[PDB]
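What follows is one chain in structure tokens, specifically the form deposited in one PDB entry.
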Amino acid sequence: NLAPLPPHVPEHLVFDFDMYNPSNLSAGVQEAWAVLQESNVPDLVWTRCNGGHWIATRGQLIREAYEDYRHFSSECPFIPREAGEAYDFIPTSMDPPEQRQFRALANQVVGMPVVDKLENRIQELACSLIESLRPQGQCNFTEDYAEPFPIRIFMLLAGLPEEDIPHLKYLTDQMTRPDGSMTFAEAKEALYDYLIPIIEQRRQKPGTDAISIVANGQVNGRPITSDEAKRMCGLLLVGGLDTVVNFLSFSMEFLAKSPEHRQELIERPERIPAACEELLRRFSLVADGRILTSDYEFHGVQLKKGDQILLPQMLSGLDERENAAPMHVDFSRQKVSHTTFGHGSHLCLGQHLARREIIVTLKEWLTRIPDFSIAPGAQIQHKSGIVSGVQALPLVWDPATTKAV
């Protein structure tokens, strides 16, 4: 359905982009969004899809809106409006100033010093998954490596038992891959039902895991509440799953299809960190947004209080104004500009953990299974949304060209 054009929106700014089903998704999801950057498209447009909303199409405006939390609030960060409204995760549904110290607390459990300590456990996990796949000469990468990898890292961080993985995967999938059978609010309650008792337990008998640290933390000069701890834990769990799963999948699809780029990393593994950054730019995948706190004129366009604006993190690095020949992958790009991990006060806290997951995966995969392809006859299908992704990724290789390391 197209929503009726609100009378403050001029007709020349209307471009009916559907973020959940863009036209020619078949060409690749990044390509499908990049239609918003063709020369006849304004910097700021209105779509009548999904209830109707603004979209900033260029890196400059995306960055500016993410900086201006006074006008562009995270209270309602999702399209459609109803999903944005039910959402109470911390710190993502909060604005500064209140967000600041909640962010600080979350940083204790996923920040840089935690990542340095986790490095080897990440590597051991990646090695075990890859070795289990290696002799088979095939996998669905998305299902067989990408899905099991970040959830296992979360269990380690949060001191949760291995036996809980399938149940927790079921609860998270319900929420982030909705099939229309339940509202966000319903899926959130089912997730909270799992987390609530564990938080109770760890406030009574705290350990040294991430949930204990969060649930017993201090925020704005007082103890965190049980409610706030649950809202934080929900985000700590969800934030590192679909992003990492889908990003690894885009990266491995590209490498399967590009033996010349693959060969570059096989011959020069020291370039893998730079390659990781270039892939983060080219296969950027997140698109959330904000809600107007007041009427506001922004780059010559009148916005009204309560309008939603999609600010696609994906688009900044694809903008030719930010990076020349933006669809071309070059691992030696001198200045790799992107907002893949967002921008402003909510810039991803898990970005350091994410880069280690990516670099460790690429280094270990390329060492053990250097030569692989898309399965004969397969066509890769993408999906579009708040976190865009890969539906399935069938890969094949000759086990004789691999090595058990």
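Take the two forms, find the largest set of C-alpha atoms that superpose within 1.5 Å, and that set is the rigid core. Residue numbers run from 1 along the displayed sequence. Shifts are known only where both forms have a C-alpha.
Mean CA temperature factor is higher for 252-260 when stretches 252-260 and 307-315 are set side by side in the entry. Judged by mean Cα B factor in the deposited record, 203-211 ranks above the other of 226-234 and 203-211.
When the Cα B-factors of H71, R103, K117, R282 are read from the PDB record, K117 comes out highest. When the C-alpha B factors of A287, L171, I90, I79 are read from the deposited coordinates, the top value falls at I79. In this PDB entry, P394 carries a Cα temperature factor that places it within the lowest third of its chain's modelled residues.
The PDB entry assigns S132 a C-alpha temperature factor belonging to the highest third of its chain's modelled residues.
Residue-level temperature factors show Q99 in the middle third of its chain, judged at the C-alpha atom. For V387, the recorded CA temperature factor ranks within the lowest third of the chain's modelled residues. Ranked by Cα temperature factor within the chain, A27 sits in the highest third according to the deposited record.
Below: the form deposited in another entry, not depicted.
Once you line up the core between the shown form and the other one, the CA of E200 is the only one from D330, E131, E264, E200 that shifts by 2 Å or more.
Superposition of the core reveals a Cα shift of 2 Å or more for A185 between the shown form and the other one. In sequence order, 177-208 is the sole run of at least 3 consecutive residues whose Cα positions differ by 2 Å or more between the shown form and the other one once the rigid core is superposed.
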